[PDB]
Amino acid sequence: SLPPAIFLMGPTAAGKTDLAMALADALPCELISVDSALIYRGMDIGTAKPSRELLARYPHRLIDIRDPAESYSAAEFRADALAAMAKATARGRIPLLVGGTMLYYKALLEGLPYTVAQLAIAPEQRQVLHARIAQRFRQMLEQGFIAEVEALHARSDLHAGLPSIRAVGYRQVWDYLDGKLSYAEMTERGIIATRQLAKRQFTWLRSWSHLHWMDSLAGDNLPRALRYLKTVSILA
């Protein structure tokens, strides 16, 4: 009998963290982030990282574990995730892996001693996701995204070509700081870059087997998720 585990994936801005919290309040879970961008300290606003207050009540493994000058491979995630899952399992907690970096989920599934329930969440209409992505990006700029990147831009040990600055939107803000883009162009292109990410994420998910979809606009995803666990033959 393999211990339980839950995968909660979906495109950027789908509202994965909201369902993760509901699950964490219903079952003894151990939240594990599966995101190549959230691992970086100092990159919180532009990455839509959960607030410090939220993280305090809902701790996430693999968030703020690297400095932006460092790299992080899918192989490293694989090792870190397996260790986090084992530690959680040893304590009777159900590993709940939430995120949108599909390559990471892939590395874990391929190159898992767990019975896994795989859930995916996204709005029925992609148009709804795109509208939220644009608005969310514009709000990031209002909440300090530029000053955030300004601190990174000022570091001599960082440059626009690093893996960390690959986080969607960051390069556009960086180029703006270099005087190469107007505020409007930076905004449009950061939004485009984020829609592009969602498009790529949907591509990975469309060919993903054993996925149970959830609607981002539904108010009863918690009960539906719990029922699926039983479907996958996971008791409690």
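A. The overall build of the protein, seen in detail. For the protein, the count of helices and strands is nine helices and six strands. Taking 18 Å as the expected radius of gyration for a compact globule of 236 residues, we find that the protein reaches 18 Å, a close match to that expectation. With the C-alpha coordinates of the protein rotated into their principal frame, the extents come out at 60 × 35 × 35 Å. Here the protein holds 236 residues, and 47% of them are scored as buried. For the protein, the exposed area adds up to about 11700 Å²; of that, 51% sits on carbon and sulfur atoms. For the protein, the centre of its 28 positive side-chain charges and the centre of its 23 negative side-chain charges are spaced 6 Å apart.

B. Structural view of the pairing of strand β1 (residues 4-9). The buried fraction of β1 amounts to five of the six residues, a majority that puts the element mostly inside the structure. Note that β1 and strand β5 (residues 115-122) share six bridges and pair parallel. Residue pairing across strands places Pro4 opposite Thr115, the latter belonging to β5. As paired strands, β1 and strand β4 (residues 94-99) are joined by four bridges and run parallel to one another.

C. Region of interest: the domain arrangement of the protein. What the domain assignment lists for the protein is domain 1 (1-125 + 210-236) and domain 2 (126-209). On a C-alpha basis, the centres of domain 1 and domain 2 stand 22 Å from each other. When the area that domain 1 buries against domain 2 is broken down by residue, the three leading residues are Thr12, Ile45 and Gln125, summing to 23%. Its salt-bridge partner being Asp67, residue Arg155 comes within 2.9 Å of it at the nearest N-O pair.

D. Representation of unusual backbone geometry. Positioned with a positive phi, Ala13 is a non-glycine residue whose angle comes to about 80°. As for its placement among the helices and strands, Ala13 is situated in the loop between β1 and α1 (16-26). Phi is positive for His210, close to 65°, though the residue is something other than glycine. Among the structural elements, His210 can be located in the loop between α8 (183-206) and β6 (212-215). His210 sits in the exposed class, given a relative accessible area of 63%.

Rules behind the numbers
- Residues numbered from 1 in each chain as written, not as in the entry; some residues may be left out.
- Heavy atoms only, no water.
- Helix = DSSP H or I, 4+ residues; strand = E, 2+ residues; numbered from the N terminus.
- Rg over C-alpha atoms; globule rule 2.2 N^0.38 Å.
- Buried < 20%, exposed > 50% of the residue type's maximum accessible area, 1.4 Å probe, protein only.
- Areas by Shrake-Rupley, 256 points an atom, 1.4 Å probe, with all protein chains shown as cover.
- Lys, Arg positive; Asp, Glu negative; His and termini not counted.
- Charge placed at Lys NZ, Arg CZ, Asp CG, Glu CD.
- Pairing = 2+ DSSP bridges.
- Domains from an automatic or database assignment.
- Buried area = accessible area lost by both parts, 1.4 Å probe.
- Salt bridge = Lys/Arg side-chain N within 4 Å of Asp/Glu carboxyl O.

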